[PDB]
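Chains as they are written, first to last, in the UniProt record's numbering: chain A, 4 to 56; chain B, 7 to 137; chain C, 8 to 366. Beta carbons: idealized from backbone N, C-alpha and C, even for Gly.
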Amino acid sequence: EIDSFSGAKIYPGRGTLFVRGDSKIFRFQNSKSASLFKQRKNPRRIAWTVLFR
Amino acid sequence: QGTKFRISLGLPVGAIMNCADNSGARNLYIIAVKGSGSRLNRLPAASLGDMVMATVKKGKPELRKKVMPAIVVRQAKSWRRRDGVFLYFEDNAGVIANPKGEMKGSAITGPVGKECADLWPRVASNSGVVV
Amino acid sequence: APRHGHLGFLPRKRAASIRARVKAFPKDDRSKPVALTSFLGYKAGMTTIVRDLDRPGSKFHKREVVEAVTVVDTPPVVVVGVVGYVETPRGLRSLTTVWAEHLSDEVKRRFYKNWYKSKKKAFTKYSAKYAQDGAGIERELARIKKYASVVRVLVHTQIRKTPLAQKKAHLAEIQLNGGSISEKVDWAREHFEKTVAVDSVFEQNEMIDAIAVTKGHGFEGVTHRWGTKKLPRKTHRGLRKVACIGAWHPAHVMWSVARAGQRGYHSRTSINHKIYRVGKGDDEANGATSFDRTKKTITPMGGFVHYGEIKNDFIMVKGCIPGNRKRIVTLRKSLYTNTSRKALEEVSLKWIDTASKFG
RNA sequence: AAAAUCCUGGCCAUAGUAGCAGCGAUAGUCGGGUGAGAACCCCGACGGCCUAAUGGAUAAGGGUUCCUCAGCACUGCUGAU
RNA sequence: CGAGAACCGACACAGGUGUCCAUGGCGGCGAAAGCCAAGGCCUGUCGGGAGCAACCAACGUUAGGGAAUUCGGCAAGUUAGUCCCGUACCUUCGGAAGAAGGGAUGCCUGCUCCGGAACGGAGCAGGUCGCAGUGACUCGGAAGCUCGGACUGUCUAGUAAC
RNA sequence: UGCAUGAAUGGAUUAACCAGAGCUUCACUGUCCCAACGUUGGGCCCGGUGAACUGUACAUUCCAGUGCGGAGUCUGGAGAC
RNA sequence: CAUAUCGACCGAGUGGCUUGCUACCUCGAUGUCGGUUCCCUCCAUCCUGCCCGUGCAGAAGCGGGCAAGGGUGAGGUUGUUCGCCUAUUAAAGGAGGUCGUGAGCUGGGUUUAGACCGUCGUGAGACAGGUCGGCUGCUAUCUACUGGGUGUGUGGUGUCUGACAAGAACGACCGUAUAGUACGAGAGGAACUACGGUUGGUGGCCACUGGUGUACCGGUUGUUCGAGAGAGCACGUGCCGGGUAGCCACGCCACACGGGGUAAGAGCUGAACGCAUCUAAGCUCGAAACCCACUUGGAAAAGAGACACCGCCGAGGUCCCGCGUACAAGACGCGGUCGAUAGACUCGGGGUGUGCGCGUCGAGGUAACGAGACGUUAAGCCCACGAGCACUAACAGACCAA
C-alpha cells in the first residue's frame, strides 16, 4: 500500500482512495499530496517526493 | 443489508445530481429519501446506499417531469472502510431503479461503489466498473 | 414536540473539576479487586485502523476499517492509599487511609511538599505523618464490629512522558470490587505498596465506559446549546431567540426549555467503548521490524495534534468519543451496562494509519 | 382636602443603571518639558488621518469669540497645568 | 470665525448653509478610484483589562446541491474597462444595440505608421512569467411574454414617485 | 352570451422610454438544505462621568377554582432558605 | 343471517377544536388575518407493540380492545386559513393553549391619507366589487425560566454514596436465507428465527472526502513611489489560482437485549350453583405502553451524607508568575528550575510552485532596445503543528488558614 503520486508508505489505517469520473486516480497518503495533485502538478518535479529525485 | 461501511450523507433534498444512466435521464433532483426521519432544521439527507425518490430535472425524453426512484451510486463526501480509509470519488451519483430495484436503463455510465452492490445487486451487475 | 435537546444531564452548569468522577462503579463477583476499577491517562488524537472482523455470526471475517481511534496515552499509574469508608446513616464517610512511602517525585504539586507552616489555602494530600498499621487495624476492627463500605484507592497518573504535562497529577479515587470484603481488603493493600498499568484491569475487546468533560466554549445562544430553531427573518439579524419561555402564573420559568448558558464543558460518560487495542511504545515484534529503537506503534508522523508523539503505553478505544478531547484526562472504567459479549484478548489490527495530521 | 392624567416646589426608588462604541476620518506610542496633580497642556521621534477638503481666500450671519497675562468655582460627553 | 466647537438648528447637534482656488505629482477618458505632496490634523475628544463567552451591529470565506427560501430572488451575488469579430423579433427607419454571442488584453527587446511634436495615438516581430495581465482599483448580468402611461418633465417638505 | 366593455366620460393599437404592476429562461449566489469559522465595533470586568421611562399599596410564586364572565394579593392545595 | 360489516327513527350523554348567543367584560386603547419560530397538552390511536372478531384458507384486508414509548415530512398555484395538484412515505391524523406565540420576527391580505376601472349617484361621494402604492415605538422595576456566584442553616486533600430529577435514546422500513416452501386446482404465495442494509431521531469526533480558511504562496489589471528591485491603495483580500492548522457536514464513529409487573386477550385449578365456568379467593402467560436495565444531573436530601489520609502552627488554599485540554466577567485546568509552561534558534512536519541577480537563447531592429524561454533553482518565500534545546521569561514575594 504505497502512494502513487508522492511516494513512500501509506499508514495502515489512514489514507483515502478516491475515485474519479471513470475509474482512475489512486490513493493518497493524505490531504497533502492530494490538493497538490488537484492543482496540476507533477510529483516528480516538486520537492521531496520519493518519486522525486 | 448492512452496508458494512459507514457513510456520511453528501446530499440533501433539492440537491441536483447526475443519473449514471436511466433512459433520457439527465440530472435528477432529490426528493425525500426512503423512510427517513427529521428534526428541527432537518435537512433530510441521503448518501450512497440509500434509496431515494427523485425527479428528472434535465432530460430529453418525457422522462423529465417526474417520479422515480433511483439509488445513489457515488457520492462526493467521504465514506468509511473495512480496510483502509476511504474515498469520495467522481461526482455524486444516482441510477434510477424500479420497485424491483432493477435499473430502468441498460448501461450505467461511471463506476460504482463496492458496497452498493451488496445492497442491491443488478444495480451492481450492469456496473461497467466497480471500485 | 419534540423538545429541543434532552434533559438528562442537568442542570448544565460548568463542570466542577476537569477530572471525571464516576458516579457508579461496576458491581462485581469473581473479582480481585482492581482498586483501579477505573484507570486512565489521556488523549492524543487518532487516526483509523484496519481490523479483522471479530467473531460475528456474520460473513465478515475479514479486513475492515473501524476508526482505530483516539489513542490515549496510559499508563502506568500508582495507587497510593486505599481509603476505607464506614458507617451510616447519613452516607459514606472516610475512615482512615493507608499510606505509601514511595511518593512519586513530582507529587508535590497538588500534594506533598506543602509548606510546613499552615497556608491560607487548604493543604492537599501530603504525608510524612505515617501510621501504616493503625490504619490497617482501624479498618479491620471497623469491619468485624462496625461496618465498612466499598474501599477504593487514591491513584495519580504520572506524566512520566507526555507532551506538555507536569509533576502535577490530578487523580481521583477508584474503587476496588473484590469478593466478600476482607478478601478484597487484603487485595487493596497488596496493590498499595506497588504500582500498576492498563495491563491489569483491562483487556483488548473488553468494553469500558469512558468519562470526561467535553471540550467546549462558554455561554452561547439557544441554537447551539440544545438545538433550537433560528429565525424567522425579522429578528433574523439578531441572535436566535426562542419564543417566550413559559407564560402564566410564575413570572419566571423554570423552563427546562431552551436557555442561553455555558456549553462546552461537561462531564459525561460514554457507554460500552470497546477497547480494540492495548499497547506500548517499546519495540516488540513477532518478526523483524524496524530497529534503532523505533517508536510507538500508533502515533502519526508529524506528531499528533498539538501534543505529539507517543512512545509508551497506549490504549485504542474505537469509535473515539472520547467524551472530552486533546490532552485532557479521560477515566476508564469497566463496562457497567454491557450489551454485546466481549471479544478477544486481542484484535488482529492488520493496519494502523500513520500519516501527518495535516495533508 | 386623599383624590380632579388637579397646580407649584421639594424628594426617594429607578442606578452608580442607559449614553460617553456604531458614521470610509478605527490613532496613537515611547521618551522628555511644566506642574501640588498630567492618557489626552507643550517639545522630539516614531505611526497615522484629510486631497473640491479636516487645505487657502471669502459672502451672510455671529459680535470680541481675536492677542497677552492671571486663573479653574462655571462650561468642556473623562481629566486638565 | 466662516464651521464634525465662533453661522441656523434649545447644545462644543453625524443635520442645514453661497462664492473663488477645477492647472500640485503618479494614475487614467477623467475635476473618477487608489496612493502621495504642499498645507492642515491626531478635537468627527473619555480611558483601562479579558483570545475578548452568549447575544447584537457592520462584514469576509464556506464543501455538495443551486431559489428547494419567500407574497415576491427581498438581501446578496453575477457581469464589468478597452479593442477586434459579430449581432434577432419589432420599428414611428431615428432606433432596437453595448441586443445576443465569440476572441484579445501583462512584461521585455528591437521596430513601422499618423503628426511639426508631445513625457500623443495606432500597429509589427521576437523573447518571456503567473492559477489569474481592465491581476488592485475603477468597472452592464443577459433574454422573452404581458399590463399602464407615449417620451424628458411634476407630485403628497415628514409612511404614497405610481 | 360582457353580474356591470366600447369610441376625445375617447376605442383599438403601438416603436422608443420607465427606481411603475405580473410572468418565464440562462447565468449567479449562504434566500434555503444547515449551519460553521473568522474580522472590526459593542457586549463582560475596572477608573471617571452620569440621566430617563416608570412607581395606590403589598408582593418568592405555581396548579386549579371563584369573582363584573381574562387574579401575584380572594378560596383550596402545592411549592418556597 | 339485526349485531363480520353497514345501520335509520327516537332517546341519553361527554368534550369545549367550530359557529352562534351573552350584549356580561374592556372604548383615559387586552395591537389584525395568514405565515414563521419555540414550548406544553388533548384523543377520541394514523403507524409501531400485545390482543379479540371476521362474510378469518393463505396473502392482503375489514372491524374492535389495551396502549400516548417513539414516530407521523418535501414541493407547484394562491396573502390566504381552507383547499386543489405532484412525487416520495410506515403514515405523510385532527384539535386546544387570548382562533398559543408582533415589550419574537414578517407585513403579502383586511382597513387611513394618493390613483385607476366597473357599477350607483345631479353632485360631494359611495361599494361587505376589482386594482397599483402605502410606517411596525420602549434602556426590564416585579414576576418566570435558563445558567453562574455570595451567604446563612444543618480545618484540609482525594475518592465516593444516591434521595430524587431528565431521556425516545432509540423509532421504523427494505432486502437475503427460510422458500419459489407451508396454504392452493391453479394463479398466487406467507411465518418463527438468523443475517445485511436504509431511513428518521440522538450523542460525539475530524484519520478520510468536502467547506472555509481577508494565516500564507503565486499570477495579473490600474495607479503612485523615476526604472529595476521591493512596495501602498483599488472596503477594508483589486481580481484570479492554490491552500496549512483550526472550526465544521455534505464526512466518520457509537446508540441492545434481557428481566419483572400489567392491559386487551389466551388459558389453568376452581366454587358460589354436586354439573358447567379464565374469576369470585388462587395461578400460568401476554403490548412499541409501565418498572428495571442504560446515559445525564445530583450533599442545600435541614435525617444537609460516606470513606481514607493529611492537619490545627501549620495541611491546605488565595494572590502572584508562565500557559491552556478551559473560558463573555467570574469560573475551570496545567506548569513554575527537583522545570520543557511560553518565546527565540535548529531540525522535523507542512503551504505555494521556482526567487533576486547573472549567463545563454529570443520574433526582430544599424543600433538602441527586446515580450518571453532555459539554467543556476525541490528554488525563494511562508506556517496558528511537533521535537531538540534552559538561551530568554516562569522572578521576586505576598496573604489566609482550625
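Taking only three categories from DSSP, how would you classify residue i?
i, result
"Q182 of chain C", "strand"
"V354 of chain C", "coil"
"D193 of chain C", "helix"
"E121 of chain B", "helix"
"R244 of chain C", "coil"
"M214 of chain C", "strand"
"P127 of chain B", "strand"
"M23 of chain B", "coil"
"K71 of chain B", "strand"
"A76 of chain B", "strand"
"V89 of chain C", "strand"
Which stretch, first to last residue, makes up the beta strand (DSSP E) that contains residue i?
i, result
"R150 of chain C", "Unbroken run through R150 of chain C is the alpha helix (DSSP H), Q139 to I151; no beta strand (DSSP E)."
"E71 of chain C", "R70 to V73"
"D59 of chain C", "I56 to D59"
"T61 of chain B", "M57 to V62"
"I322 of chain C", "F321 to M323"
Pull up the DSSP beta-bridge partners for residue i, would you.
i, result
"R275 of chain C", "C:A219"
"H198 of chain C", "DSSP lists no partner for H198 of chain C."
"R30 of chain A", "A:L20"
"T164 of chain C", "C:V84"
"residue 374 of chain C", "Nothing about residue 374 of chain C can be read from this structure; chain C reaches only from 8 to 366."
"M109 of chain B", "B:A103"
"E227 of chain C", "C:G268"
Going by DSSP, what residue range makes up the alpha helix (DSSP H) through residue i?
i, result
"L34 of chain B", "Counting along the chain, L34 of chain B falls outside any alpha helix (DSSP H), though it belongs to the beta strand (DSSP E) covering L34 to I37."
"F40 of chain A", "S38 to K41"
Got a sec? Which residues, its chain only, sit under 6 angstroms from residue i by beta carbon, not counting five neighbours each side?
i, result
"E316 of chain C", "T306 and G310"
"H280 of chain C", "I215, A217 and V324"
"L246 of chain C", "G228"
"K303 of chain C", "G288, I317 and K318"
"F40 of chain A", "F8"
"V354 of chain C", "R58, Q211 and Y283"
"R128 of chain B", "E108"
If you drop the 5 nearest sequence neighbours on each side, which residues of the same chain put their C-beta closer than 7 angstroms to that of residue i?
i, result
"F92 of chain B", "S84, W85 and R86"
"residue 3 of chain C", "Absent from the structure is residue 3 of chain C, since the part of chain C shown begins at 8 and ends at 366."
"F32 of chain C", "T44, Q182 and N184"
"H198 of chain C", "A42 and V86"
"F67 of chain C", "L60"
Residues in the same chain with beta-carbon distance under 8 angstroms from residue i, minus the five sequence neighbours each way, listed in chain order, please.
i, result
"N33 of chain B", "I22, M23, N24, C25, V62, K63 and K64"
"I335 of chain C", "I25, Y49, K50, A219, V220 and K222"
"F21 of chain A", "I28 and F31"
Review point. Counting pairs of beta carbons, one from the stretch 74–89 of chain C and one from the stretch 119–127 of chain C, are three or more of them closer than 8 angstroms?
Key: Taking 8 angstroms as the limit for Cβ pairs, the verdict is that the stretch 119–127 of chain C does not touch the stretch 74–89 of chain C.
Check your understanding: Can you find at least 3 beta carbon pairs, one from the stretch 80–100 of chain B and one from the stretch 41–57 of chain B, that sit closer than 8 angstroms?
Key -> Three or more Cβ pairs closer than 8 angstroms define a contact, and the stretch 80–100 of chain B meets that threshold against the stretch 41–57 of chain B.
Check your understanding: On the three-pair Cβ rule with 8 angstroms, is the stretch 155–168 of chain C touching the stretch 30–43 of chain C?
Key -> Put simply, the stretch 155–168 of chain C touches the stretch 30–43 of chain C. At least three CB pairs are less than 8 angstroms apart.
Check your understanding: Given 8 angstroms as the limit, is there contact between the stretch 318–330 of chain C and the stretch 12–22 of chain C, that is, 3 or more CB pairs closer than that?
Key -> Taking a cut-off of 8 angstroms for Cβ pairs, the stretch 318–330 of chain C and the stretch 12–22 of chain C do not touch, as fewer than three such pairs fall below it.
**Study point:** Validate contact between the stretch 336–350 of chain C and the stretch 88–103 of chain C using beta carbons, cut 8 angstroms, 3 pairs
**Key:** With a cut-off of 8 angstroms on Cβ pairs, the stretch 336–350 of chain C is not in contact with the stretch 88–103 of chain C, counting fewer than three such pairs.
Check your understanding: Per the contact definition of three or more C-beta pairs closer than 8 angstroms, is the stretch 108–128 of chain B in contact with the stretch 41–51 of chain B?
Key -> Output reads no: the stretch 108–128 of chain B does not touch the stretch 41–51 of chain B.
Exercise for review: Give a yes or no on contact between the stretch 130–144 of chain C and the stretch 101–117 of chain C, applying the rule of three or more CB pairs nearer than 8 angstroms.
Suggested key: Taking 8 angstroms as the limit for Cβ pairs, the verdict is that the stretch 101–117 of chain C does touch the stretch 130–144 of chain C.
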